[PDB]
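Below is data.pdb, holding PDB, C-alpha atoms.
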ATOM      1  CA  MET A   1     111.500 132.026  73.320  1.00  0.00           C
ATOM      2  CA  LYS A   2     107.795 131.397  73.973  1.00  0.00           C
ATOM      3  CA  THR A   3     107.450 132.005  77.700  1.00  0.00           C
ATOM      4  CA  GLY A   4     105.940 129.169  79.705  1.00  0.00           C
ATOM      5  CA  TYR A   5     107.811 127.782  82.696  1.00  0.00           C
ATOM      6  CA  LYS A   6     106.486 126.950  86.153  1.00  0.00           C
ATOM      7  CA  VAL A   7     108.328 126.216  89.394  1.00  0.00           C
ATOM      8  CA  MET A   8     106.380 124.249  91.981  1.00  0.00           C
ATOM      9  CA  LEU A   9     108.483 123.699  95.093  1.00  0.00           C
ATOM     10  CA  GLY A  10     107.389 122.981  98.648  1.00  0.00           C
ATOM     11  CA  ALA A  11     109.528 121.973 101.600  1.00  0.00           C
ATOM     12  CA  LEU A  12     108.309 122.062 105.197  1.00  0.00           C
ATOM     13  CA  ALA A  13     109.366 118.736 106.700  1.00  0.00           C
ATOM     14  CA  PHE A  14     113.068 117.917 106.670  1.00  0.00           C
ATOM     15  CA  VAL A  15     115.106 116.601 109.585  1.00  0.00           C
ATOM     16  CA  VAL A  16     117.888 114.135 108.831  1.00  0.00           C
ATOM     17  CA  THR A  17     120.043 113.611 111.909  1.00  0.00           C
ATOM     18  CA  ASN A  18     119.212 109.998 112.749  1.00  0.00           C
ATOM     19  CA  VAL A  19     122.061 107.492 112.694  1.00  0.00           C
ATOM     20  CA  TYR A  20     121.790 103.774 113.401  1.00  0.00           C
ATOM     21  CA  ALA A  21     124.555 101.272 114.127  1.00  0.00           C
ATOM     22  CA  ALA A  22     125.642  98.317 112.010  1.00  0.00           C
ATOM     23  CA  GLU A  23     125.683  94.888 113.654  1.00  0.00           C
ATOM     24  CA  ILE A  24     126.121  91.243 112.634  1.00  0.00           C
ATOM     25  CA  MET A  25     122.756  89.559 112.101  1.00  0.00           C
ATOM     26  CA  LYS A  26     121.973  85.857 112.229  1.00  0.00           C
ATOM     27  CA  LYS A  27     121.901  84.625 108.620  1.00  0.00           C
ATOM     28  CA  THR A  28     118.359  83.298 109.066  1.00  0.00           C
ATOM     29  CA  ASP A  29     116.950  86.528 110.509  1.00  0.00           C
ATOM     30  CA  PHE A  30     119.170  88.504 108.147  1.00  0.00           C
ATOM     31  CA  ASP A  31     117.535  86.894 105.107  1.00  0.00           C
ATOM     32  CA  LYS A  32     114.109  87.516 106.585  1.00  0.00           C
ATOM     33  CA  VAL A  33     114.825  91.143 107.477  1.00  0.00           C
ATOM     34  CA  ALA A  34     116.590  91.658 104.123  1.00  0.00           C
ATOM     35  CA  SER A  35     113.081  91.800 102.692  1.00  0.00           C
ATOM     36  CA  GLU A  36     112.757  95.104 104.562  1.00  0.00           C
ATOM     37  CA  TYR A  37     116.341  96.229 104.048  1.00  0.00           C
ATOM     38  CA  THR A  38     118.261  98.009 101.334  1.00  0.00           C
ATOM     39  CA  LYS A  39     121.611  97.391  99.669  1.00  0.00           C
ATOM     40  CA  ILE A  40     124.202 100.140  99.943  1.00  0.00           C
ATOM     41  CA  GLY A  41     126.845  97.861  98.501  1.00  0.00           C
ATOM     42  CA  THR A  42     129.172  95.003  99.313  1.00  0.00           C
ATOM     43  CA  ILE A  43     132.609  95.557 100.824  1.00  0.00           C
ATOM     44  CA  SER A  44     135.818  93.576 100.465  1.00  0.00           C
ATOM     45  CA  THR A  45     139.434  93.115 101.484  1.00  0.00           C
ATOM     46  CA  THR A  46     142.285  93.170  98.984  1.00  0.00           C
ATOM     47  CA  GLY A  47     145.958  92.299  99.120  1.00  0.00           C
ATOM     48  CA  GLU A  48     146.780  90.660 102.397  1.00  0.00           C
ATOM     49  CA  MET A  49     145.403  91.306 105.875  1.00  0.00           C
ATOM     50  CA  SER A  50     145.061  89.844 109.340  1.00  0.00           C
ATOM     51  CA  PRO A  51     141.705  88.026 109.816  1.00  0.00           C
ATOM     52  CA  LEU A  52     140.427  89.914 112.859  1.00  0.00           C
ATOM     53  CA  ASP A  53     142.055  93.147 111.721  1.00  0.00           C
ATOM     54  CA  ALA A  54     140.268  92.927 108.386  1.00  0.00           C
ATOM     55  CA  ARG A  55     137.027  92.086 110.183  1.00  0.00           C
ATOM     56  CA  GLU A  56     137.212  95.141 112.402  1.00  0.00           C
ATOM     57  CA  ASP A  57     138.256  97.302 109.446  1.00  0.00           C
ATOM     58  CA  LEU A  58     135.326  95.995 107.412  1.00  0.00           C
ATOM     59  CA  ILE A  59     132.868  96.306 110.296  1.00  0.00           C
ATOM     60  CA  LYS A  60     133.705  99.941 111.117  1.00  0.00           C
ATOM     61  CA  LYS A  61     133.921 100.839 107.416  1.00  0.00           C
ATOM     62  CA  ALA A  62     130.470  99.412 106.724  1.00  0.00           C
ATOM     63  CA  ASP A  63     129.082 101.220 109.759  1.00  0.00           C
ATOM     64  CA  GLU A  64     130.910 104.362 108.596  1.00  0.00           C
ATOM     65  CA  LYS A  65     129.086 104.151 105.275  1.00  0.00           C
ATOM     66  CA  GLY A  66     125.828 104.009 107.200  1.00  0.00           C
ATOM     67  CA  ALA A  67     124.720 100.406 107.500  1.00  0.00           C
ATOM     68  CA  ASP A  68     122.259  98.753 109.869  1.00  0.00           C
ATOM     69  CA  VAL A  69     123.181  95.128 109.297  1.00  0.00           C
ATOM     70  CA  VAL A  70     126.522  93.648 108.269  1.00  0.00           C
ATOM     71  CA  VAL A  71     127.375  90.088 107.238  1.00  0.00           C
ATOM     72  CA  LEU A  72     130.805  88.527 106.884  1.00  0.00           C
ATOM     73  CA  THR A  73     130.115  86.671 103.665  1.00  0.00           C
ATOM     74  CA  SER A  74     133.790  85.864 103.199  1.00  0.00           C
ATOM     75  CA  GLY A  75     137.196  87.091 104.335  1.00  0.00           C
ATOM     76  CA  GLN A  76     137.252  84.803 107.349  1.00  0.00           C
ATOM     77  CA  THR A  77     140.138  82.787 105.929  1.00  0.00           C
ATOM     78  CA  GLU A  78     143.293  84.123 107.625  1.00  0.00           C
ATOM     79  CA  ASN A  79     146.071  86.105 105.878  1.00  0.00           C
ATOM     80  CA  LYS A  80     145.521  85.493 102.151  1.00  0.00           C
ATOM     81  CA  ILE A  81     142.033  86.944 102.488  1.00  0.00           C
ATOM     82  CA  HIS A  82     140.372  88.398  99.432  1.00  0.00           C
ATOM     83  CA  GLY A  83     137.018  88.334 101.120  1.00  0.00           C
ATOM     84  CA  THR A  84     133.739  90.176 100.846  1.00  0.00           C
ATOM     85  CA  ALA A  85     131.196  91.338 103.426  1.00  0.00           C
ATOM     86  CA  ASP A  86     127.630  92.130 102.430  1.00  0.00           C
ATOM     87  CA  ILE A  87     125.901  94.955 104.252  1.00  0.00           C
ATOM     88  CA  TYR A  88     122.324  96.234 104.441  1.00  0.00           C
ATOM     89  CA  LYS A  89     120.646  99.448 105.443  1.00  0.00           C
ATOM     90  CA  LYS A  90     117.286  99.627 107.220  1.00  0.00           C
ATOM     91  CA  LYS A  91     114.276 100.729 105.177  1.00  0.00           C
ATOM     92  CA  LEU A  92     111.687 103.249 106.337  1.00  0.00           C
ATOM     93  CA  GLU A  93     109.043 100.549 106.621  1.00  0.00           C
ATOM     94  CA  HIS A  94     108.878  97.149 108.314  1.00  0.00           C
ATOM     95  CA  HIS A  95     106.500  94.401 109.458  1.00  0.00           C
ATOM     96  CA  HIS A  96     103.810  95.956 111.662  1.00  0.00           C
ATOM     97  CA  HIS A  97     104.798  98.294 114.487  1.00  0.00           C
ATOM     98  CA  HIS A  98     106.419  96.219 117.220  1.00  0.00           C
ATOM     99  CA  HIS A  99     109.861  95.194 118.477  1.00  0.00           C
TER     100      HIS A  99
END

Final structure tokens representation of the file:
Amino acid sequence: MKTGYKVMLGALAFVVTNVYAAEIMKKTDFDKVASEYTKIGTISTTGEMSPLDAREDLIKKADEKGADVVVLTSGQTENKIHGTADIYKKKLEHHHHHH
């Protein structure tokens, strides 16, 4: 076959060992920071669970999947909970450089 392939690779900067923790954000601030946050997916509870037990399971699970912000969108009923929690991951950019 007519020869003509090129391989242009170049790696010199790569260090991925930074892990952040997921926490519940105020809905107001959450919506405002969501502009600088990414969606890794929404989580849920199925079957039948205890309210706080499902919370803690959801919270750790979301954090386990590498989230920065977590929100209990639903699932705060009681036992018959088929709820959903919506989680966000921090982007690499944000408003200015200050905290």

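The two atoms in question, atom CA of residue 52 of chain A and atom CA of residue 75 of chain A, are spaced 9.5 Å apart.
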
Could you state the separation of atom CA of residue 21 of chain A and atom CA of residue 50 of chain A in Å, given to one decimal place?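 Between these atoms lies a distance of 24.0 Å.
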
Translate the PyMOL selection byres ((chain A and resi 62) around 10) into a concrete residue list for this structure, as a PyMOL selection string. chain A and resi 21-23+40-43+56-61+63-71+85-89

On this structure, which residues satisfy the PyMOL selection byres ((chain A and resi 78) around 9), written as a JSON list (two decimals) with C-alpha atoms, in the frame of the given file?
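The resulting file, selection.json, is shown below:
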[["chain", "number", "residue", "atom", "x", "y", "z"],
["A", 49, "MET", "CA", 145.40, 91.31, 105.88],
["A", 50, "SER", "CA", 145.06, 89.84, 109.34],
["A", 51, "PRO", "CA", 141.71, 88.03, 109.82],
["A", 52, "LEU", "CA", 140.43, 89.91, 112.86],
["A", 75, "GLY", "CA", 137.20, 87.09, 104.34],
["A", 76, "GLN", "CA", 137.25, 84.80, 107.35],
["A", 77, "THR", "CA", 140.14, 82.79, 105.93],
["A", 79, "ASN", "CA", 146.07, 86.10, 105.88],
["A", 80, "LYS", "CA", 145.52, 85.49, 102.15],
["A", 81, "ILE", "CA", 142.03, 86.94, 102.49]]

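Note that atom CA of residue 46 of chain A and atom CA of residue 74 of chain A are 12.0 Å apart.
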
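Shortest atom-to-atom contact with residue 19 of chain A among A:6, A:73, A:90, A:36: A:90, counting only C-alpha atoms.
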
Got a sec to write segment 52-67 of chain A of the block to a file, N, CA and C atoms, as a PDB file, in the first residue's frame?
ATOM      1  N   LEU A  52     -31.837   7.931  56.040  1.00  0.00           N
ATOM      2  CA  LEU A  52     -30.477   8.361  56.345  1.00  0.00           C
ATOM      3  C   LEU A  52     -29.456   7.373  55.801  1.00  0.00           C
ATOM      4  N   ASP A  53     -29.828   6.102  55.778  1.00  0.00           N
ATOM      5  CA  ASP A  53     -28.936   5.058  55.290  1.00  0.00           C
ATOM      6  C   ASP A  53     -28.727   5.210  53.790  1.00  0.00           C
ATOM      7  N   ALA A  54     -29.801   5.549  53.087  1.00  0.00           N
ATOM      8  CA  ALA A  54     -29.729   5.796  51.658  1.00  0.00           C
ATOM      9  C   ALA A  54     -28.952   7.071  51.372  1.00  0.00           C
ATOM     10  N   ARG A  55     -29.133   8.086  52.219  1.00  0.00           N
ATOM     11  CA  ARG A  55     -28.388   9.325  52.085  1.00  0.00           C
ATOM     12  C   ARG A  55     -26.904   9.031  52.132  1.00  0.00           C
ATOM     13  N   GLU A  56     -26.471   8.411  53.219  1.00  0.00           N
ATOM     14  CA  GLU A  56     -25.063   8.130  53.430  1.00  0.00           C
ATOM     15  C   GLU A  56     -24.506   7.229  52.335  1.00  0.00           C
ATOM     16  N   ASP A  57     -25.317   6.289  51.857  1.00  0.00           N
ATOM     17  CA  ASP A  57     -24.894   5.409  50.771  1.00  0.00           C
ATOM     18  C   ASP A  57     -24.711   6.209  49.489  1.00  0.00           C
ATOM     19  N   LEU A  58     -25.650   7.111  49.230  1.00  0.00           N
ATOM     20  CA  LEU A  58     -25.596   7.972  48.057  1.00  0.00           C
ATOM     21  C   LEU A  58     -24.407   8.925  48.130  1.00  0.00           C
ATOM     22  N   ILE A  59     -24.233   9.540  49.292  1.00  0.00           N
ATOM     23  CA  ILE A  59     -23.190  10.532  49.508  1.00  0.00           C
ATOM     24  C   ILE A  59     -21.793   9.939  49.283  1.00  0.00           C
ATOM     25  N   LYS A  60     -21.519   8.791  49.901  1.00  0.00           N
ATOM     26  CA  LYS A  60     -20.213   8.153  49.761  1.00  0.00           C
ATOM     27  C   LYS A  60     -20.008   7.634  48.340  1.00  0.00           C
ATOM     28  N   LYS A  61     -21.078   7.117  47.742  1.00  0.00           N
ATOM     29  CA  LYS A  61     -21.045   6.582  46.385  1.00  0.00           C
ATOM     30  C   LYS A  61     -20.719   7.672  45.370  1.00  0.00           C
ATOM     31  N   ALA A  62     -21.358   8.822  45.525  1.00  0.00           N
ATOM     32  CA  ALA A  62     -21.097   9.967  44.664  1.00  0.00           C
ATOM     33  C   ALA A  62     -19.656  10.433  44.814  1.00  0.00           C
ATOM     34  N   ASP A  63     -19.207  10.522  46.058  1.00  0.00           N
ATOM     35  CA  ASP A  63     -17.833  10.909  46.356  1.00  0.00           C
ATOM     36  C   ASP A  63     -16.859   9.868  45.804  1.00  0.00           C
ATOM     37  N   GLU A  64     -17.250   8.601  45.897  1.00  0.00           N
ATOM     38  CA  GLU A  64     -16.457   7.485  45.382  1.00  0.00           C
ATOM     39  C   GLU A  64     -16.264   7.591  43.876  1.00  0.00           C
ATOM     40  N   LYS A  65     -17.284   8.079  43.188  1.00  0.00           N
ATOM     41  CA  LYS A  65     -17.223   8.252  41.745  1.00  0.00           C
ATOM     42  C   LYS A  65     -16.539   9.564  41.370  1.00  0.00           C
ATOM     43  N   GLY A  66     -16.036  10.272  42.373  1.00  0.00           N
ATOM     44  CA  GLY A  66     -15.248  11.461  42.122  1.00  0.00           C
ATOM     45  C   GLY A  66     -16.091  12.684  41.838  1.00  0.00           C
ATOM     46  N   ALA A  67     -16.823  13.124  42.843  1.00  0.00           N
ATOM     47  CA  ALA A  67     -17.640  14.325  42.738  1.00  0.00           C
ATOM     48  C   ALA A  67     -17.098  15.412  43.656  1.00  0.00           C
TER      49      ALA A  67
END
